[PDB]
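Survey of secondary and tertiary structure
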Amino acid sequence: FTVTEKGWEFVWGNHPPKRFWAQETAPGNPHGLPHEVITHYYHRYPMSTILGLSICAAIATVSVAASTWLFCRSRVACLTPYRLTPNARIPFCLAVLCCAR
Amino acid sequence: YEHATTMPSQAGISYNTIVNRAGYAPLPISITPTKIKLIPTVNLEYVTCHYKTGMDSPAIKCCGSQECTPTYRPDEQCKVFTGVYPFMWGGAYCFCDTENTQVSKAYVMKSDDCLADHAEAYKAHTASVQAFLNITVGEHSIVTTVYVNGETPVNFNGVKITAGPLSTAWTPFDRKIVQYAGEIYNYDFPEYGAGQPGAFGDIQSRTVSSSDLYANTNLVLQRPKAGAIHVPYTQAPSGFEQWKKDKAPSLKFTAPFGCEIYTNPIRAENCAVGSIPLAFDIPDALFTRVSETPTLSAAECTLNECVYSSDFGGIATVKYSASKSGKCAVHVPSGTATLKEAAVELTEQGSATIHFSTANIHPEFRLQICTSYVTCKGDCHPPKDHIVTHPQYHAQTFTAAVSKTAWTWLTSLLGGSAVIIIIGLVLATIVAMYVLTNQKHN
Amino acid sequence: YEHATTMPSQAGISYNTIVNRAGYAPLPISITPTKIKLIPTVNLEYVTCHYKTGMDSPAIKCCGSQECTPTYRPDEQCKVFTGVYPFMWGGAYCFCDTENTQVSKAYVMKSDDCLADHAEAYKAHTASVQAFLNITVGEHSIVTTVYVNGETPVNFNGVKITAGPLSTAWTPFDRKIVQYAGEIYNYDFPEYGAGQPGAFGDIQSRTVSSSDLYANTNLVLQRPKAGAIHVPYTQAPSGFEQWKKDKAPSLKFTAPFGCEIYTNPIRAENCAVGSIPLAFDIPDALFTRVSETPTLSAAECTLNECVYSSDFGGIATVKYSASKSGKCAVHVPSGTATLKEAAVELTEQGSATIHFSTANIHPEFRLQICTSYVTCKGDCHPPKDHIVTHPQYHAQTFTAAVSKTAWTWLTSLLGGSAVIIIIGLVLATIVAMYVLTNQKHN
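Sequence-order numbering is used: residues on each chain count from 1 as written, possibly diverging from the entry numbering, and only residues with coordinates are shown. Following the order in which they are written, the chains are lettered starting with A and the ligands numbered starting with 1. Every figure reported here is calculated on the shown chains, themselves a piece of a larger assembly. Side-chain numbers here rest on the full set of heavy atoms in the structure, without hydrogens or water.

Determination of this PDB entry was carried out by cryo-EM to a resolution of 3.1 Å, according to the record.

1. Regarding helix α3 (residues 405-438) of chain B
Test applied: Under the scheme used here, helices are H or I runs from DSSP no shorter than 4 residues and strands are E runs no shorter than 2 residues, and both carry numbers assigned from the N terminus. A helix is expected to span 1.5 Å for every residue after the first. We call two residues in contact when some of their heavy atoms are within 4.5 Å.
Taking 1.5 Å of rise per residue, the 34 residues of α3(B) would be expected to cover 50 Å, and the 48 Å separating its terminal C-alpha atoms lies within 8% of that figure. Residues of α3(B) that are buried in the fold lie against α1 (35-44) and α2 (46-79) of chain A.

2. Section: the state of the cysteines
Residue and element names in this part refer to chain B. Operational definition: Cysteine sulfur atoms that pair up within 2.5 Å are treated as a disulfide. Only protein chains enter the accessibility calculation, which uses a 1.4 Å probe. A residue is then buried if its area is under 20% of the maximum for its type, exposed if over 50%, and partly exposed in between.
Using the criterion set out here, one finds 12 disulfides over all chains in the structure. Disulfide partner of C306: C380, at an S-S distance of 2.0 Å. Looking down the S-S bond of the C306 and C380 bridge, the torsion is -85°, so its handedness is left-handed. Note that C306 is positioned in strand β23 (residues 300-306) and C380 in the loop between β30 (372-377) and β31 (387-388), a separation of 74 residues in sequence. Taking the relative accessible area as the measure of exposure, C306 reaches 7% and is therefore buried.

3. Examining the interface of chain A and chain B
Here is the rule we go by: By buried area we mean the combined loss of accessible area, with a 1.4 Å probe, across both parts when two parts are placed together. Whenever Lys or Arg places a side-chain nitrogen within 4 Å of a carboxyl oxygen from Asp or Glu, that contact is recorded as a salt bridge. Whenever a nitrogen or oxygen atom comes within 3.5 Å of another N or O atom, the pair is scored as a polar contact, on the condition that within protein one atom can donate a hydrogen and the other can accept it, and that pairs from neighbouring residues in sequence are kept only if both atoms are in side chains. Ten residues, namely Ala, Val, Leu, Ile, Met, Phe, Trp, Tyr, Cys and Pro, are considered nonpolar, four, namely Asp, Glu, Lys and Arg, are considered charged, and the remaining ones, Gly among them, are considered polar. At least two bridges found by DSSP between two strands are what make those strands a pair.
Each side of the interface is counted separately: chain A has 28 residues, and chain B has 38 residues. In total, about 2,800 Å² of surface goes out of reach between chain A and chain B, with carbon and sulfur atoms giving 62% of it. Considering only the surface of chain A that becomes buried against chain B, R19(A), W21(A) and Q23(A) emerge as the three largest contributors, covering 22% of it. Across the pair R19(A) and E260(B) runs a salt bridge whose closest N-O atoms are separated by 3.8 Å. At the junction of chain A with chain B, the criterion picks out nine residue pairs in polar contact. For the side of chain A that touches chain B, the secondary-structure elements that each account for two or more residues are β2 (18-22), α1 and α2 of chain A. With 11 residues, α2(A) is the largest single contributor of residues to the side of chain A that touches chain B. Each residue belonging to the side of chain A that touches chain B can be placed in one class, and the counts come to 17 nonpolar, seven polar and four charged. Sheet analysis places β2(A) next to β31(B), joined by two bridges and oriented antiparallel.

4. Let's talk about the environment of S30(C)
Residues and elements named next belong to chain C. Within the secondary structure, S30 is located in strand β3 (residues 27-31). Measuring from C-alpha to C-alpha, the distance between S30 and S141 comes to 9.0 Å, with 111 residues separating the pair along the chain. Other than its neighbours up to four places away in sequence, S30 contacts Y15, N16, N134, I135 and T136. Of note is the side chain of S30, whose polar atom sits 3.0 Å from the side chain of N16.

As structure tokens, then:
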């Protein structure tokens, strides 16, 4: 049987009722090695963990993608006025920074 | 002094609080609920039992013809049979071959054991909650049956307490109830006069001694065997016995929230649902002044034991200094820790050892002792039992067990991405301004 | 066979209807409510009465001192007075000048006439309407108490009739009720233990013989006169007498909808509110074939007299030619006019007289005699009495008394305007086409 924190009770024949109560001793260690905290909060709070990891992965993916997008657009906006000059001569400092030729 | 609070609807567990008048001594209040009933308004309709087909002796006339004289007994069948040559032990009964006549007459009456073996069909609605509180307000304790409608006060020592109505109108009992043998069932019995043959209520006596019972038991008289004096019938079996053979289990074993159904008043017990609000009309005489109670100076709190078990598995230790030796209240204003005792008796330079209960992994609460606030901080550890035989003595706060390591993983992998996007936005702004500066040249 | 109908909740006035099975004889139904009760669930909280201040005899110690011994009597006061010089008829009692001591003790007890003169404070909720009907279904007539919840059927001759619940949950009673001497009051009494002196319920005994009463009567002991053995006291006067002096009138004088408050149990009777739905479960054996009943040919209805009064003030003569002499149903389908009788016995060539009742100045209602349909048409006249002493036997149809002349005035003033505006629009269209024709030559 599955016993939760809200209680559980059985009666075995002519015996009196036995009530039981679950308490929060989940397998895992919540203090390090981050594949151990995820199993701990998965056996502990199963529904909330998948939603939390989904939204944190989504925000991390959107942030890395948008930062790469903005950096590549800014590199293009820097190097384009020095790549339309016939005698291209991108500076030195912008060659080291913007990773030019 | 009007003080309102709220108590959870759960027996056995002591509920503690204090009242802080802004310039006086704190007044501790303790309420421990013992037995919380729920008594519906119960309305008897009918009882039922086993029936007992009574049969009159066969009226026999030799070379004659009888008639059917009714009696208006319950389900009273009667029929007249012709062409009968009955026998007694001392030979034949008539001399006529044909044109003899035997009358069968049967009726339904209720059984002889109806008094001690019957089932009561009721109707219930609009229950009434009633608790056995054990209140202590300023070391003055009473034990009184309070009623928990929004009125009907309990009065003691000038203090008026009105424990208001439950937050939920839930009852375990349905609109219809059958009581049999100390146990109570949610059965949809038919109405009076609607009793069907072969099922529950084929007999419907209005009370136990009503002497007017409705009976629909599918009784049909049959023709007697040639040469015998008997009354043969054929009816559907006892619907009360067939109800007893099926009998989906009692409400004692099936009730939600763990109720405890009892019999002599039909009532439920200790249904852990809802919450009781409270009103305290406290007179001004009980508020003792500040300087008539001890008051600490230079106190400090440390945690000896810290296990986030179900009961009081934490020990905080307070080293204090105060220039009196008396008792004073302790309380935790948040629901972070649930303390065990409500008062600590003090020396002038000793230490205090309190017992609390908590769900947190890194407990940081602000303990209120006599009139001051210390901060008790530590680290709790998981308990050794998976399953205990007592309920919970604390409240699971949302974000209670978040374990500072995981706070660090949520701060870095979610706040650091914001740092990435703001330095990307700053870099984009600087690039746009530098392109516009470059094209200022013409 | 399910036949659903709805009866107005009003005693005494008969209700008539017929079941029109499509190929069988019409089946008459006649239901006359006699007494419509309305019974709330009623819960006794306490009783109250006049009180009686009990006094103890004064305990005098000659040159000593006394103490207070509490007897725990209700509202008990015990003050002890020093410096007394009491007196009997035989001279002085003590012989000292000072230092004598007298103890006065007073307490409140309920009166000796509590049993036959007291007010009972109840709580009401969740009424349960019940009705004394008188039901005739196809010359099977019974008189039987019905319960008008949506079940609990009444059974006679295989017909199963169930009176549905009221369309309104109105009760004349409030949440709180006082009964005093056959009369019932919506009165907001204080709760038990919440009584105030000088008002209702300063004395609160839980039952009539409870032997535990709550007394809050503002009893104060005073100091006796020099040289007199008596117990002086001051208290607020009796609130049951002051409540009898106030007493806004009973609920049988102030209740709306014509209700009649009685108390053998607490109930209202004959309230003219709401309406009872009915449910007929007619079996398939009551339906006689058409050919075993009379059936008419060439029937004609003429109105002899016609008064649109409140009683039956209209006489219609129906001349028929019957195939067979027997009683059959008469009925009006609409609520245009309400007949008096539910059946008419026929000869073969006679002329029948029916009594009806209408609010119409110009009634045109289609009668239903045995299976045909004649059209009764005429004109009614105003009655002569302004005020009658019997309620209304018919229904108030909207636009029932329009008096054909005013139909002509409304039709002229409402139709001539529409005629004028449509001929104006047609004239505008013709003028536009004539302009477009004359401009064509361009």
